[PDB]
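**Student:** File name run_33.cif; file contents mmCIF, C-alpha atoms and all ligand atoms; full text below.
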```cif
data_entry
loop_
_atom_site.label_atom_id
_atom_site.label_comp_id
_atom_site.auth_asym_id
_atom_site.auth_seq_id
_atom_site.Cartn_x
_atom_site.Cartn_y
_atom_site.Cartn_z
CA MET A 1 22.12 -3.89 -75.24
CA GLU A 2 23.07 -0.31 -76.07
CA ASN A 3 19.54 0.04 -77.45
CA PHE A 4 18.17 -0.08 -73.90
CA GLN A 5 18.16 2.54 -71.13
CA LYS A 6 17.87 0.85 -67.72
CA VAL A 7 15.09 3.01 -66.22
CA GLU A 8 14.99 1.20 -62.88
CA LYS A 9 15.84 -2.07 -61.15
CA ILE A 10 12.50 -3.68 -60.29
CA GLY A 11 13.58 -6.91 -58.63
CA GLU A 12 15.86 -9.92 -58.24
CA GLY A 13 14.86 -12.75 -60.57
CA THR A 14 15.55 -16.48 -60.65
CA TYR A 15 19.05 -16.42 -62.13
CA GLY A 16 19.45 -12.69 -62.66
CA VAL A 17 18.23 -9.14 -62.05
CA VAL A 18 15.19 -7.58 -63.69
CA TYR A 19 14.99 -3.97 -64.88
CA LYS A 20 12.32 -1.76 -66.39
CA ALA A 21 13.79 -0.17 -69.50
CA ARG A 22 13.06 1.81 -72.64
CA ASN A 23 13.99 0.40 -76.01
CA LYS A 24 16.25 3.41 -76.68
CA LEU A 25 15.09 3.30 -80.31
CA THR A 26 11.52 1.98 -80.26
CA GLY A 27 10.41 4.14 -77.37
CA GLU A 28 8.53 1.23 -75.84
CA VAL A 29 8.82 0.35 -72.17
CA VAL A 30 10.02 -3.19 -71.59
CA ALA A 31 11.30 -5.57 -68.89
CA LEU A 32 14.87 -6.87 -68.85
CA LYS A 33 16.26 -9.93 -67.17
CA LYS A 34 20.06 -10.00 -67.10
CA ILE A 35 21.49 -13.40 -66.26
CA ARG A 36 24.86 -14.82 -65.18
CA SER A 46 24.34 -24.15 -75.05
CA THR A 47 21.75 -26.47 -73.58
CA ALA A 48 20.22 -23.23 -72.27
CA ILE A 49 19.67 -21.27 -75.51
CA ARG A 50 17.84 -24.44 -76.47
CA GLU A 51 15.21 -24.44 -73.71
CA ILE A 52 14.87 -20.70 -74.36
CA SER A 53 13.97 -21.31 -78.01
CA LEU A 54 10.78 -23.16 -77.14
CA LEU A 55 10.00 -20.20 -74.88
CA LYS A 56 9.83 -17.60 -77.69
CA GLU A 57 7.35 -19.82 -79.56
CA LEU A 58 5.11 -20.23 -76.50
CA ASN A 59 2.51 -17.50 -77.03
CA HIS A 60 -0.61 -17.34 -74.85
CA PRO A 61 -2.61 -14.41 -73.43
CA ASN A 62 -1.74 -15.66 -69.93
CA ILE A 63 2.03 -15.98 -70.30
CA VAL A 64 4.34 -12.96 -70.24
CA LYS A 65 5.61 -12.26 -73.74
CA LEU A 66 9.25 -13.09 -74.33
CA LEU A 67 10.04 -10.43 -76.95
CA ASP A 68 13.74 -10.89 -77.71
CA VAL A 69 16.84 -12.78 -76.62
CA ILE A 70 20.02 -10.84 -77.16
CA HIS A 71 22.92 -13.18 -76.38
CA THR A 72 25.96 -10.91 -76.61
CA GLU A 73 29.22 -12.40 -75.31
CA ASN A 74 28.84 -13.94 -71.83
CA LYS A 75 26.03 -11.77 -70.44
CA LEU A 76 22.63 -13.02 -71.64
CA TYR A 77 19.56 -10.76 -71.73
CA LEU A 78 15.87 -11.57 -71.95
CA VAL A 79 13.43 -8.93 -73.13
CA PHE A 80 9.83 -9.32 -71.96
CA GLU A 81 6.65 -7.32 -72.47
CA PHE A 82 6.17 -4.96 -69.50
CA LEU A 83 3.37 -5.62 -67.00
CA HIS A 84 1.74 -3.14 -64.61
CA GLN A 85 2.12 -4.99 -61.30
CA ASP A 86 2.69 -8.41 -59.69
CA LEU A 87 0.22 -10.33 -57.51
CA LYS A 88 2.03 -10.11 -54.16
CA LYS A 89 1.82 -6.34 -54.25
CA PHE A 90 -1.82 -6.43 -55.30
CA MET A 91 -2.67 -8.84 -52.46
CA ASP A 92 -0.68 -6.72 -50.01
CA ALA A 93 -2.67 -3.70 -51.17
CA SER A 94 -6.00 -5.51 -50.71
CA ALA A 95 -5.30 -7.01 -47.26
CA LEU A 96 -7.88 -4.97 -45.32
CA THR A 97 -10.84 -5.76 -47.59
CA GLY A 98 -9.52 -8.80 -49.39
CA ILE A 99 -9.82 -9.57 -53.09
CA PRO A 100 -13.48 -9.88 -54.17
CA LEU A 101 -14.47 -13.47 -54.99
CA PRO A 102 -15.45 -12.72 -58.63
CA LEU A 103 -11.92 -11.45 -59.21
CA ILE A 104 -10.27 -14.28 -57.26
CA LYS A 105 -12.34 -16.52 -59.51
CA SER A 106 -11.44 -14.80 -62.79
CA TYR A 107 -7.74 -15.03 -62.01
CA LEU A 108 -7.73 -18.70 -61.04
CA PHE A 109 -9.56 -19.47 -64.28
CA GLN A 110 -7.05 -17.67 -66.53
CA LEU A 111 -4.08 -19.13 -64.69
CA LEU A 112 -5.48 -22.62 -65.17
CA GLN A 113 -5.88 -21.73 -68.85
CA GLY A 114 -2.21 -20.83 -69.05
CA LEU A 115 -1.13 -23.97 -67.17
CA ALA A 116 -3.29 -26.20 -69.34
CA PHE A 117 -1.55 -24.60 -72.31
CA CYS A 118 2.12 -25.11 -71.35
CA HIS A 119 1.38 -28.51 -69.82
CA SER A 120 0.15 -29.43 -73.30
CA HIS A 121 3.63 -28.49 -74.52
CA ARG A 122 5.19 -30.42 -71.62
CA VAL A 123 6.59 -27.24 -70.10
CA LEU A 124 6.29 -26.88 -66.32
CA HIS A 125 6.69 -23.70 -64.31
CA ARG A 126 8.17 -25.30 -61.17
CA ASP A 127 8.29 -22.09 -59.15
CA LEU A 128 4.75 -20.72 -59.10
CA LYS A 129 4.12 -17.91 -56.60
CA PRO A 130 2.37 -14.54 -56.11
CA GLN A 131 5.57 -12.78 -57.23
CA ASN A 132 5.75 -14.74 -60.47
CA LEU A 133 2.20 -13.71 -61.43
CA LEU A 134 1.68 -10.36 -63.19
CA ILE A 135 -1.46 -8.30 -63.81
CA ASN A 136 -2.57 -5.32 -65.92
CA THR A 137 -5.35 -2.70 -65.75
CA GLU A 138 -7.49 -4.78 -68.14
CA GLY A 139 -8.06 -7.57 -65.62
CA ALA A 140 -5.65 -10.15 -67.02
CA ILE A 141 -3.10 -12.14 -65.01
CA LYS A 142 0.00 -13.67 -66.55
CA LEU A 143 2.37 -16.47 -65.56
CA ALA A 144 5.94 -15.19 -65.42
CA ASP A 145 9.53 -16.30 -64.82
CA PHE A 146 9.52 -20.03 -65.64
CA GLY A 147 12.14 -22.52 -64.49
CA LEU A 148 14.68 -25.01 -65.87
CA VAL A 163 16.51 -16.31 -48.80
CA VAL A 164 14.30 -18.43 -51.08
CA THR A 165 10.63 -19.25 -50.50
CA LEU A 166 9.29 -22.82 -49.93
CA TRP A 167 5.63 -22.14 -49.00
CA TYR A 168 4.41 -23.22 -52.45
CA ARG A 169 6.48 -26.42 -52.81
CA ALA A 170 4.68 -29.67 -53.68
CA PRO A 171 5.32 -32.51 -51.18
CA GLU A 172 6.94 -34.81 -53.76
CA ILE A 173 9.70 -32.26 -54.38
CA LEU A 174 10.28 -31.94 -50.64
CA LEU A 175 10.46 -35.73 -50.39
CA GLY A 176 13.15 -36.09 -53.02
CA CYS A 177 11.25 -37.03 -56.17
CA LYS A 178 13.61 -35.99 -58.97
CA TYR A 179 11.22 -36.62 -61.84
CA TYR A 180 8.14 -34.77 -60.66
CA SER A 181 5.39 -33.90 -63.15
CA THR A 182 3.21 -30.95 -64.16
CA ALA A 183 1.26 -31.68 -60.98
CA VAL A 184 3.70 -29.64 -58.89
CA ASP A 185 2.24 -26.54 -60.58
CA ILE A 186 -1.33 -27.48 -59.71
CA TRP A 187 -0.21 -27.81 -56.10
CA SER A 188 1.49 -24.42 -56.07
CA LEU A 189 -1.59 -22.86 -57.65
CA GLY A 190 -3.66 -24.65 -55.03
CA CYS A 191 -1.71 -22.88 -52.30
CA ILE A 192 -2.03 -19.52 -54.05
CA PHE A 193 -5.80 -19.99 -54.37
CA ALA A 194 -6.20 -20.47 -50.60
CA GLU A 195 -4.01 -17.47 -49.78
CA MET A 196 -6.16 -15.17 -51.95
CA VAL A 197 -9.26 -16.30 -50.07
CA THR A 198 -8.02 -16.26 -46.45
CA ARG A 199 -5.28 -13.66 -46.85
CA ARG A 200 -2.65 -15.70 -45.05
CA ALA A 201 -0.23 -18.21 -46.56
CA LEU A 202 -1.45 -21.80 -46.24
CA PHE A 203 1.93 -23.34 -45.40
CA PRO A 204 4.48 -20.63 -44.42
CA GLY A 205 7.41 -22.95 -43.62
CA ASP A 206 10.97 -21.71 -43.05
CA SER A 207 12.91 -24.88 -43.84
CA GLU A 208 12.13 -27.99 -45.86
CA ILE A 209 11.34 -30.16 -42.86
CA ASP A 210 9.30 -27.28 -41.41
CA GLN A 211 7.44 -26.88 -44.69
CA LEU A 212 6.68 -30.60 -44.79
CA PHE A 213 5.45 -30.70 -41.19
CA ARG A 214 3.11 -27.76 -41.72
CA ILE A 215 1.72 -29.67 -44.69
CA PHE A 216 1.40 -32.88 -42.69
CA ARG A 217 -0.21 -31.10 -39.72
CA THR A 218 -3.00 -29.74 -41.98
CA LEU A 219 -3.62 -32.45 -44.58
CA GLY A 220 -2.64 -35.32 -42.30
CA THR A 221 0.57 -37.33 -42.57
CA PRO A 222 0.45 -39.32 -45.83
CA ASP A 223 0.68 -43.10 -45.67
CA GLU A 224 0.64 -45.82 -48.32
CA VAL A 225 -3.16 -45.70 -48.16
CA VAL A 226 -3.59 -42.16 -49.52
CA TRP A 227 -0.20 -41.98 -51.25
CA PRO A 228 0.98 -45.27 -52.76
CA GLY A 229 4.77 -45.33 -52.79
CA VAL A 230 5.10 -42.36 -50.43
CA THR A 231 7.05 -44.47 -47.90
CA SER A 232 9.64 -45.29 -50.59
CA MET A 233 10.50 -41.67 -51.41
CA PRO A 234 14.20 -40.67 -51.05
CA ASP A 235 13.61 -38.43 -48.03
CA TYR A 236 10.74 -40.17 -46.24
CA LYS A 237 11.58 -41.13 -42.65
CA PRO A 238 9.56 -43.87 -40.92
CA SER A 239 9.91 -41.57 -37.92
CA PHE A 240 7.72 -38.66 -39.07
CA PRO A 241 5.03 -37.79 -36.52
CA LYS A 242 1.49 -38.99 -37.33
CA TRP A 243 -1.01 -36.13 -37.60
CA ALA A 244 -4.72 -36.35 -38.34
CA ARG A 245 -6.17 -34.51 -41.33
CA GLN A 246 -7.90 -31.22 -40.53
CA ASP A 247 -11.44 -30.30 -41.59
CA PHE A 248 -11.44 -28.13 -44.71
CA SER A 249 -14.16 -26.04 -43.12
CA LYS A 250 -11.49 -24.71 -40.78
CA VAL A 251 -8.62 -24.30 -43.26
CA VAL A 252 -10.41 -22.29 -45.97
CA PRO A 253 -13.45 -20.92 -44.04
CA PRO A 254 -14.87 -18.18 -46.28
CA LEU A 255 -14.54 -20.33 -49.41
CA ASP A 256 -17.80 -22.02 -50.45
CA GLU A 257 -18.31 -25.73 -51.04
CA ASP A 258 -17.57 -25.63 -54.79
CA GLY A 259 -14.37 -23.76 -54.06
CA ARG A 260 -13.38 -26.40 -51.51
CA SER A 261 -14.05 -29.39 -53.77
CA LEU A 262 -11.58 -27.89 -56.22
CA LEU A 263 -9.08 -26.84 -53.58
CA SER A 264 -8.90 -30.34 -52.07
CA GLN A 265 -8.49 -31.84 -55.53
CA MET A 266 -5.55 -29.52 -56.28
CA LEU A 267 -4.07 -30.46 -52.88
CA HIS A 268 -4.15 -34.24 -53.13
CA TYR A 269 -0.88 -35.87 -51.97
CA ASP A 270 -0.72 -38.37 -54.81
CA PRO A 271 0.41 -36.49 -57.97
CA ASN A 272 -1.61 -38.94 -60.08
CA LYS A 273 -4.95 -38.31 -58.39
CA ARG A 274 -4.28 -34.57 -58.20
CA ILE A 275 -6.51 -32.76 -60.68
CA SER A 276 -5.14 -31.56 -64.03
CA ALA A 277 -5.46 -27.99 -65.30
CA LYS A 278 -7.84 -29.16 -68.03
CA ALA A 279 -10.25 -30.86 -65.65
CA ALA A 280 -10.12 -28.00 -63.13
CA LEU A 281 -11.46 -25.73 -65.87
CA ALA A 282 -14.65 -27.80 -65.98
CA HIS A 283 -15.24 -27.79 -62.21
CA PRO A 284 -18.69 -26.42 -61.24
CA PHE A 285 -16.84 -23.66 -59.35
CA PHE A 286 -16.40 -21.81 -62.66
CA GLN A 287 -19.99 -21.90 -63.96
CA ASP A 288 -20.49 -18.25 -62.99
CA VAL A 289 -17.05 -16.91 -63.82
CA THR A 290 -17.03 -13.32 -65.03
CA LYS A 291 -14.09 -11.11 -65.96
CA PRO A 292 -14.16 -7.96 -63.73
CA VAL A 293 -11.40 -5.35 -63.72
CA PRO A 294 -9.19 -4.71 -60.67
CA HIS A 295 -8.81 -1.30 -59.07
CA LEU A 296 -5.07 -0.73 -58.78
CA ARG A 297 -2.63 2.02 -57.80
CA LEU A 298 0.25 2.11 -60.28
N1 LIG B 1 11.08 -14.03 -59.80
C1 LIG B 1 10.52 -12.66 -60.10
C2 LIG B 1 11.58 -11.62 -59.85
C3 LIG B 1 11.15 -10.17 -60.12
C4 LIG B 1 10.47 -10.08 -61.59
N2 LIG B 1 9.61 -8.77 -61.52
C5 LIG B 1 8.91 -8.22 -62.74
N3 LIG B 1 8.05 -7.13 -62.57
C6 LIG B 1 7.30 -6.60 -63.63
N4 LIG B 1 6.42 -5.49 -63.43
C7 LIG B 1 6.31 -4.94 -62.08
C8 LIG B 1 6.60 -3.66 -61.75
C9 LIG B 1 5.72 -2.68 -62.18
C10 LIG B 1 5.97 -1.33 -61.87
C11 LIG B 1 7.09 -0.96 -61.14
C12 LIG B 1 7.98 -1.96 -60.70
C13 LIG B 1 7.72 -3.32 -61.01
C14 LIG B 1 7.49 -7.25 -64.92
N5 LIG B 1 6.97 -7.05 -66.17
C15 LIG B 1 7.54 -7.99 -66.93
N6 LIG B 1 8.43 -8.80 -66.19
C16 LIG B 1 9.25 -9.95 -66.65
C17 LIG B 1 10.70 -10.29 -66.50
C18 LIG B 1 10.78 -11.70 -66.16
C19 LIG B 1 9.60 -12.27 -66.75
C20 LIG B 1 8.58 -11.29 -66.31
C21 LIG B 1 8.39 -8.32 -64.90
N7 LIG B 1 9.10 -8.83 -63.87
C22 LIG B 1 9.55 -11.21 -61.91
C23 LIG B 1 10.13 -12.58 -61.56
#
```
Take the structure I supplied and represent it as structure tokens, if you would.
**Tutor:**
Amino acid sequence: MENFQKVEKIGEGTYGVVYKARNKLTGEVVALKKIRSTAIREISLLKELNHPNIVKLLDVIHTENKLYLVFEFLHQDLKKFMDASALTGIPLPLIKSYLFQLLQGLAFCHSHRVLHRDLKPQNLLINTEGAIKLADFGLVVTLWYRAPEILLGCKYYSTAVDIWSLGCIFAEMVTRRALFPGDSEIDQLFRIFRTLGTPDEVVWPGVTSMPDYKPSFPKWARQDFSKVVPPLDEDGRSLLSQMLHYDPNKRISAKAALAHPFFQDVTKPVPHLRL
């Protein structure tokens, strides 16, 4: 520290606060995450994880107890953007450009066996150029984007949890209302089951053996995708249902998703934003 002037608190992060600040010497505006040995380690791989779709971890000043993370500074997050576009909605070409880049980022860190684990509109940042970046990785909290295997007690979940979370984000950008706005784990799970149908050994081998599966869960039918994501076209739905498959193994990878016919016509338009 001491070389940074906390300009303004801009949020509450995963394990610490986040401030907008000037590098008292450089003059450049940056983003700080203040937080509360194995750690420093997982952070090392983070500095050498450069991709146009991942926020840039600039420095890591570890000065006695308090540990700071210095990131490049981004213009705005996706929740705010969505909030600001609620009356008209986000134009498809843009919704499409963003999904494409995000999948590019995911494909990248999945290659390096790094998962995000907590993907959401608030952990996605954008700039005036039309780029979107994945932010705040992992190791009154929200559960709407939780994959079903995590809610069922799987302790060794894969990179597929991210595809699921992205799947939920995709739908929300198209319909403008969260897909599964649960308020408790069991509530979350039931909203999922009431839409995609209650999973059984047929669609999810091993599901009934999961730590938190109860033979007593109600048995709901699976709802038509025409009703769930109405304005989305058929290519969009193919993809959405493949990102939302119960079985983590049959759930589509980031790599494959990038080749889905839904992206044939993907362009890179710029957003109109109020900073
Ligand atoms: N869980 C989340 C908690 C809040 C955190 N927010 C947040 N907001 C940013 N910009 C938004 C902005 C713009 C203008 C005024 C006010 C705010 C930002 N830029 C880099 N970071 C990093 C620091 C962390 C990495 C990204 C940011 N984190 C993001 C993570």
**Student:** Which of these, A:173, A:111, A:104, A:78, has the shortest distance to residue 233 of chain A once you count only C-alpha atoms?
**Tutor:**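 That would be A:173, the residue with the smallest distance to residue 233 of chain A.
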**Student:** Neighbouring residues of ligand LIG 1 (chain B) are defined here as those with any atom at most 10 Å from a ligand atom, counting all atoms listed in the file; list them as a PyMOL selection string.
**Tutor:** chain A and resi 8-20+29-34+63-66+78-87+89+127-136+142-147+298
**Student:** Box for segment 18-46 of chain A - axis-aligned, 4 Å on each of the six sides, all listed atoms - centre and size in Å to one decimal, as AutoDock Vina command-line options.
**Tutor:**
```
--center_x 16.7 --center_y -10.0 --center_z -72.0 --size_x 24.3 --size_y 36.3 --size_z 24.6
```
**Student:** Do you know which residues lie at most 9 Å from (10.9, -23.1, -55.0), with coordinates as in the file and only C-alpha atoms counted, and could you write them as a list in words?
**Tutor:**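 Residues with an atom at most 9 Å from (10.9, -23.1, -55.0): residues 126, 127, 128, 129, 164, 165, 166, 167, 168 and 169 of chain A.
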**Student:** Just to confirm, what's the straight-line distance from atom CA of residue 242 of chain A to atom CA of residue 230 of chain A in Å (one decimal)?
**Tutor:**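 Result for atom CA of residue 242 of chain A versus atom CA of residue 230 of chain A: 14.0 Å, one decimal.
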**Student:** May I have a table of the residues of segment 118-201 of chain A lying at most 12 Å from segment 247-263 of chain A, giving each one's closest pair of atoms and their distance in Å to one decimal, counting all atoms listed in the file, ordered by chain and ascending residue number, as a Markdown table?
**Tutor:**
```
| residue | atom | partner | partner_atom | distance |
| --- | --- | --- | --- | --- |
| A:186 | CA | A:263 | CA | 9.9 |
| A:187 | CA | A:263 | CA | 9.3 |
| A:188 | CA | A:263 | CA | 11.1 |
| A:189 | CA | A:263 | CA | 9.4 |
| A:190 | CA | A:263 | CA | 6.0 |
| A:191 | CA | A:263 | CA | 8.5 |
| A:192 | CA | A:263 | CA | 10.2 |
| A:193 | CA | A:263 | CA | 7.6 |
| A:194 | CA | A:252 | CA | 6.5 |
| A:195 | CA | A:252 | CA | 8.9 |
| A:196 | CA | A:255 | CA | 10.2 |
| A:197 | CA | A:255 | CA | 6.7 |
| A:198 | CA | A:252 | CA | 6.5 |
| A:199 | CA | A:252 | CA | 10.1 |
| A:200 | CA | A:252 | CA | 10.2 |
| A:201 | CA | A:251 | CA | 10.9 |
```
**Student:** Using all atoms listed in the file, which residue out of A:140, A:48, A:7, A:279 lies closest to residue 105 of chain A?
**Tutor:** A:140
**Student:** What is the distance, in Å and to one decimal place, between atom CA of residue 267 of chain A and atom CA of residue 239 of chain A?
**Tutor:**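 Here the two named atoms are 23.3 Å from each other.
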**Student:** Out of A:4, A:203, A:179, A:269, which residue has the shortest atom-to-atom distance to residue 223 of chain A when counting all atoms listed in the file?
**Tutor:**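 Nearest to residue 223 of chain A: A:269.
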**Student:** One decimal, Å: what's the distance from atom CA of residue 68 of chain A over to atom CA of residue 56 of chain A, could you say?
**Tutor:** 7.8 Å
**Student:** Go through A:229, A:181, A:21, A:274 one by one, measure the shortest atom-to-atom distance of each to residue 123 of chain A using only C-alpha atoms, and give the residue with the smallest value.
**Tutor:** A:181
**Student:** Identify the residues around (26.7, -13.9, -74.3) within a radius of 12 Å, measuring from all atoms listed in the file in the coordinates stated by the file, and give them as a PyMOL selection string.
**Tutor:** chain A and resi 1+34-36+46+48-49+69-78
**Student:** With all atoms listed in the file as the basis for distance, which of A:59, A:110, A:218, A:3 is at the shortest distance from residue 290 of chain A?
**Tutor:**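 Once distances to residue 290 of chain A are computed over all atoms listed in the file, the minimum belongs to A:110.
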**Student:** Pop segment 171-199 of chain A out of the structure in the block and write N, CA and C atoms as a PDB file, in the first residue's frame.
**Tutor:**
```pdb
ATOM      1  N   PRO A 171     -26.470 -28.318 -10.175  1.00  0.00           N
ATOM      2  CA  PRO A 171     -27.130 -29.296  -9.302  1.00  0.00           C
ATOM      3  C   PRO A 171     -26.211 -30.284  -8.567  1.00  0.00           C
ATOM      4  N   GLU A 172     -25.039 -30.592  -9.119  1.00  0.00           N
ATOM      5  CA  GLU A 172     -24.155 -31.525  -8.421  1.00  0.00           C
ATOM      6  C   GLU A 172     -23.560 -30.920  -7.154  1.00  0.00           C
ATOM      7  N   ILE A 173     -23.399 -29.601  -7.139  1.00  0.00           N
ATOM      8  CA  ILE A 173     -22.859 -28.923  -5.968  1.00  0.00           C
ATOM      9  C   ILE A 173     -23.940 -28.900  -4.893  1.00  0.00           C
ATOM     10  N   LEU A 174     -25.181 -28.691  -5.317  1.00  0.00           N
ATOM     11  CA  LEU A 174     -26.298 -28.658  -4.387  1.00  0.00           C
ATOM     12  C   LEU A 174     -26.618 -30.045  -3.835  1.00  0.00           C
ATOM     13  N   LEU A 175     -26.173 -31.079  -4.542  1.00  0.00           N
ATOM     14  CA  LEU A 175     -26.417 -32.446  -4.111  1.00  0.00           C
ATOM     15  C   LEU A 175     -25.248 -33.059  -3.353  1.00  0.00           C
ATOM     16  N   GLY A 176     -24.271 -32.230  -3.007  1.00  0.00           N
ATOM     17  CA  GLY A 176     -23.141 -32.720  -2.240  1.00  0.00           C
ATOM     18  C   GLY A 176     -21.913 -33.284  -2.927  1.00  0.00           C
ATOM     19  N   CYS A 177     -21.791 -33.130  -4.241  1.00  0.00           N
ATOM     20  CA  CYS A 177     -20.606 -33.638  -4.919  1.00  0.00           C
ATOM     21  C   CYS A 177     -19.486 -32.711  -4.450  1.00  0.00           C
ATOM     22  N   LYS A 178     -18.417 -33.293  -3.925  1.00  0.00           N
ATOM     23  CA  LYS A 178     -17.293 -32.513  -3.423  1.00  0.00           C
ATOM     24  C   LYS A 178     -16.185 -32.335  -4.452  1.00  0.00           C
ATOM     25  N   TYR A 179     -16.178 -33.200  -5.459  1.00  0.00           N
ATOM     26  CA  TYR A 179     -15.170 -33.124  -6.506  1.00  0.00           C
ATOM     27  C   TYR A 179     -15.772 -32.808  -7.862  1.00  0.00           C
ATOM     28  N   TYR A 180     -16.579 -31.752  -7.913  1.00  0.00           N
ATOM     29  CA  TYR A 180     -17.196 -31.338  -9.163  1.00  0.00           C
ATOM     30  C   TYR A 180     -16.130 -30.845 -10.136  1.00  0.00           C
ATOM     31  N   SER A 181     -16.472 -30.861 -11.422  1.00  0.00           N
ATOM     32  CA  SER A 181     -15.565 -30.465 -12.496  1.00  0.00           C
ATOM     33  C   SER A 181     -15.778 -29.053 -13.045  1.00  0.00           C
ATOM     34  N   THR A 182     -15.169 -28.803 -14.202  1.00  0.00           N
ATOM     35  CA  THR A 182     -15.258 -27.528 -14.897  1.00  0.00           C
ATOM     36  C   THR A 182     -16.665 -27.335 -15.445  1.00  0.00           C
ATOM     37  N   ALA A 183     -17.462 -28.397 -15.393  1.00  0.00           N
ATOM     38  CA  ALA A 183     -18.828 -28.346 -15.893  1.00  0.00           C
ATOM     39  C   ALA A 183     -19.753 -27.456 -15.052  1.00  0.00           C
ATOM     40  N   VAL A 184     -19.379 -27.172 -13.807  1.00  0.00           N
ATOM     41  CA  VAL A 184     -20.221 -26.305 -12.999  1.00  0.00           C
ATOM     42  C   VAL A 184     -20.245 -24.917 -13.644  1.00  0.00           C
ATOM     43  N   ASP A 185     -19.128 -24.513 -14.250  1.00  0.00           N
ATOM     44  CA  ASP A 185     -19.060 -23.206 -14.892  1.00  0.00           C
ATOM     45  C   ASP A 185     -19.959 -23.120 -16.114  1.00  0.00           C
ATOM     46  N   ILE A 186     -20.005 -24.192 -16.901  1.00  0.00           N
ATOM     47  CA  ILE A 186     -20.855 -24.210 -18.080  1.00  0.00           C
ATOM     48  C   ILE A 186     -22.308 -24.055 -17.648  1.00  0.00           C
ATOM     49  N   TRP A 187     -22.656 -24.675 -16.526  1.00  0.00           N
ATOM     50  CA  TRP A 187     -24.011 -24.593 -16.008  1.00  0.00           C
ATOM     51  C   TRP A 187     -24.355 -23.164 -15.613  1.00  0.00           C
ATOM     52  N   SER A 188     -23.464 -22.545 -14.847  1.00  0.00           N
ATOM     53  CA  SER A 188     -23.648 -21.173 -14.397  1.00  0.00           C
ATOM     54  C   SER A 188     -23.781 -20.246 -15.591  1.00  0.00           C
ATOM     55  N   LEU A 189     -22.945 -20.454 -16.604  1.00  0.00           N
ATOM     56  CA  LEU A 189     -23.004 -19.629 -17.802  1.00  0.00           C
ATOM     57  C   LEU A 189     -24.348 -19.891 -18.480  1.00  0.00           C
ATOM     58  N   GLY A 190     -24.777 -21.152 -18.462  1.00  0.00           N
ATOM     59  CA  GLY A 190     -26.049 -21.499 -19.063  1.00  0.00           C
ATOM     60  C   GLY A 190     -27.165 -20.660 -18.479  1.00  0.00           C
ATOM     61  N   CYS A 191     -27.180 -20.543 -17.151  1.00  0.00           N
ATOM     62  CA  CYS A 191     -28.185 -19.750 -16.456  1.00  0.00           C
ATOM     63  C   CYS A 191     -28.093 -18.270 -16.812  1.00  0.00           C
ATOM     64  N   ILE A 192     -26.866 -17.769 -16.939  1.00  0.00           N
ATOM     65  CA  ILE A 192     -26.656 -16.368 -17.273  1.00  0.00           C
ATOM     66  C   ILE A 192     -27.188 -16.073 -18.670  1.00  0.00           C
ATOM     67  N   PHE A 193     -26.925 -16.992 -19.599  1.00  0.00           N
ATOM     68  CA  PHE A 193     -27.376 -16.888 -20.984  1.00  0.00           C
ATOM     69  C   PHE A 193     -28.886 -16.621 -21.018  1.00  0.00           C
ATOM     70  N   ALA A 194     -29.636 -17.522 -20.388  1.00  0.00           N
ATOM     71  CA  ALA A 194     -31.092 -17.440 -20.328  1.00  0.00           C
ATOM     72  C   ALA A 194     -31.577 -16.120 -19.754  1.00  0.00           C
ATOM     73  N   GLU A 195     -30.959 -15.670 -18.666  1.00  0.00           N
ATOM     74  CA  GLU A 195     -31.350 -14.417 -18.029  1.00  0.00           C
ATOM     75  C   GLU A 195     -31.167 -13.190 -18.927  1.00  0.00           C
ATOM     76  N   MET A 196     -30.151 -13.216 -19.788  1.00  0.00           N
ATOM     77  CA  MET A 196     -29.900 -12.109 -20.707  1.00  0.00           C
ATOM     78  C   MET A 196     -30.961 -12.072 -21.804  1.00  0.00           C
ATOM     79  N   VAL A 197     -31.517 -13.237 -22.130  1.00  0.00           N
ATOM     80  CA  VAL A 197     -32.533 -13.327 -23.164  1.00  0.00           C
ATOM     81  C   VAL A 197     -33.957 -13.023 -22.673  1.00  0.00           C
ATOM     82  N   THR A 198     -34.331 -13.549 -21.511  1.00  0.00           N
ATOM     83  CA  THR A 198     -35.673 -13.333 -20.988  1.00  0.00           C
ATOM     84  C   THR A 198     -35.773 -12.180 -20.002  1.00  0.00           C
ATOM     85  N   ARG A 199     -34.636 -11.776 -19.446  1.00  0.00           N
ATOM     86  CA  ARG A 199     -34.590 -10.680 -18.479  1.00  0.00           C
ATOM     87  C   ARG A 199     -35.118 -11.015 -17.093  1.00  0.00           C
TER      88      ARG A 199
END
```
